[PDB]
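Here's the structure we're looking at; comments come further down.
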Amino acid sequence: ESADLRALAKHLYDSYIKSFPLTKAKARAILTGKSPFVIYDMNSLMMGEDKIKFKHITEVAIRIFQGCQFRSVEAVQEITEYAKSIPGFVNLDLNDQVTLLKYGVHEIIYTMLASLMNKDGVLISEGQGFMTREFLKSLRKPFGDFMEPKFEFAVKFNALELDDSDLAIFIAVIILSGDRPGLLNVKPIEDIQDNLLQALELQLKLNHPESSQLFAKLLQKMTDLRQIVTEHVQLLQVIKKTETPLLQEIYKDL
Amino acid sequence: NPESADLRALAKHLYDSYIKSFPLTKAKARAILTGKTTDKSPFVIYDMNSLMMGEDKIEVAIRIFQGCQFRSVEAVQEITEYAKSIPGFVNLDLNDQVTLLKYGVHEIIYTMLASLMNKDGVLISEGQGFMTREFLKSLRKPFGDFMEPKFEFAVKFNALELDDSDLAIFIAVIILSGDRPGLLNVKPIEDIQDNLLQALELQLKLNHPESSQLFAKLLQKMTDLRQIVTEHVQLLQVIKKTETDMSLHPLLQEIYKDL
Ligand SMILES: COc1ccc2nc(COc3ccc(CC4SC(=O)NC4=O)cc3)n(C)c2c1
């Protein structure tokens, strides 16, 4: 039966590679050596907009935030395509699929955002750029407190040294959360998630044999994820109290 | 089935997103309009007393017009949700996304409005109601002329007998139009629409194997869609002068601006 867990792990890894262009191995190779444009202050931001091809350009902090929402929309679509590859997901109730995605995209977005972050900054524009953590902190309030929680999460999460094949199953586990509010049929969701959790346990034990309870710690990280999301939507409504048409319909979330 | 399987997967994806984005599909509209139910029967509005009676379970011409406006805003929200699910759409330039929605939203609105129509009237309020064509024609000028072109187009267009799986790809093709005014990068939009047109051609061949050249006729209906949108914006340009005390919805204002 363990061969079946390995088959599921390989399937999810292949789908993960198909769905996410900027993998953690690529981002890690860019952050060490293999040449992204670094944005460290306002002038390097200017030259970045004049040199890098950004798609969100129609105050500076509002612009940075709006780009980080463009990327979030793209991410939601990639996560949707990946979720459709999880065995049993498409056979679920359609409303349940919509609910699972609706409540999972944020936790997955920050999980994978950790893959593009180190203690000093975050990759941007499919790895073409690297915006420093200090330049993000230097943004005016409340926009200066948006990314620091994500950095603090990414340090501890990256300390687990997970690879893409681990993150594929971990993300698949996040999607199939049977406690999302409004679900109509929880039984098949929790069944799929139990199979995915078995696959994740076997994967972590075969891929990290020196880490005794890495599975448990990875499960413990999900509480931190829900804290980052829960405390992020607060900054999102306060952000709705600091920014006063057709563009706002595209970004009714993020 | 070589690369046809990729187009079939794209069709299934678009149909799934379609069902997830529009709560009143054509299938449910036809189940309501015909007689497949005793639970899906609508309340029929055809005069003043049936309107006043039907205002329990969800000026007069102004009220109906505002209802059409609210339904239009809701439709723009649903079409936006569906557009974000078109592969490659959210990867385009943001300005081009705004433009594509801006010029495609009403063509899609009337296309799907055909699904809620017969020759006698149109479903309203999620199918709970059904307002007749002649009651809409009886409204004061020029509100009485607002819906007739939509009814004529819907009569000609419903003859193609498309189901929801066809309409998903068709409205996807409508969104990814490279001839919209003001687009920055036409080439990617045209690549996506080339893929969507392949998917639509295959879907119409497999779903309607007896409908000869249904692809061409469906593509030709976009002319009628264009003419309908133009006549509507002209009517609006009259209403803006006759009714100085009425307001168009801000989203609708931004849509119609420089159309
Ligand atoms: C209160 O009674 C109601 C309630 C809702 C109804 N919906 C419809 C028909 O649905 C329509 C018709 C036209 C449009 C296009 C329009 S109209 C406008 O002002 N701006 C647009 O973009 C969009 C939806 N009718 C007849 C209604 C009657």
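Ordered as shown in the structure tokens, chains take letters A, B, and onward, while each chain numbers its residues from 1 and ligands are numbered from 1 in the order shown.
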Report task. Find the residues in chain B near chain A: any atom within 6 Å counts, using only C-alpha atoms. Write them as a list in words. Result ->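 So the residues of chain B near chain A are residues 90, 93, 94 and 251 of chain B.
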Query raised in the report: If we count only C-alpha atoms, what is near residue 157 in chain A at a cut-off of 9 Å, once residues fewer than 6 positions away on the same chain are taken out, given as an NGL selection string?
Result: :A and (111 or 114 or 218 or 221)
Export of the given selection (N, CA and C atoms) as a tab-separated table (two decimals), in the first residue's frame:
```
chain	number	residue	atom	x	y	z
A	111	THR	N	2.25	30.04	2.19
A	111	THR	CA	3.14	28.88	2.18
A	111	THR	C	4.14	28.96	1.03
A	114	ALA	N	6.71	31.85	1.18
A	114	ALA	CA	7.92	31.51	1.92
A	114	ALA	C	9.00	30.93	1.01
A	218	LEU	N	5.52	20.30	10.76
A	218	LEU	CA	4.86	20.82	9.58
A	218	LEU	C	3.36	21.00	9.82
A	221	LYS	N	2.82	24.08	11.77
A	221	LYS	CA	2.92	25.33	11.01
A	221	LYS	C	1.58	25.82	10.48
```
Query - Close residues, residue 1 in chain A itself excluded, 12 Å, only C-alpha atoms, min 6 positions apart in chain, as a VMD selection string - result: chain A and resid 7 to 8 195 198 to 199 202
Query raised in the report: Residues of range 10-103 of chain B in helix (DSSP H, G or I) according to DSSP, as a PyMOL selection string?
Result: chain B and resi 10-21+26-33+48-54+60-84+94-103
Report task. To one decimal in Å, tell me the separation between CA of residue 226 in chain B and atom 22 (O, counted along the ligand's line) of ligand 1. Result -> 13.6 Å
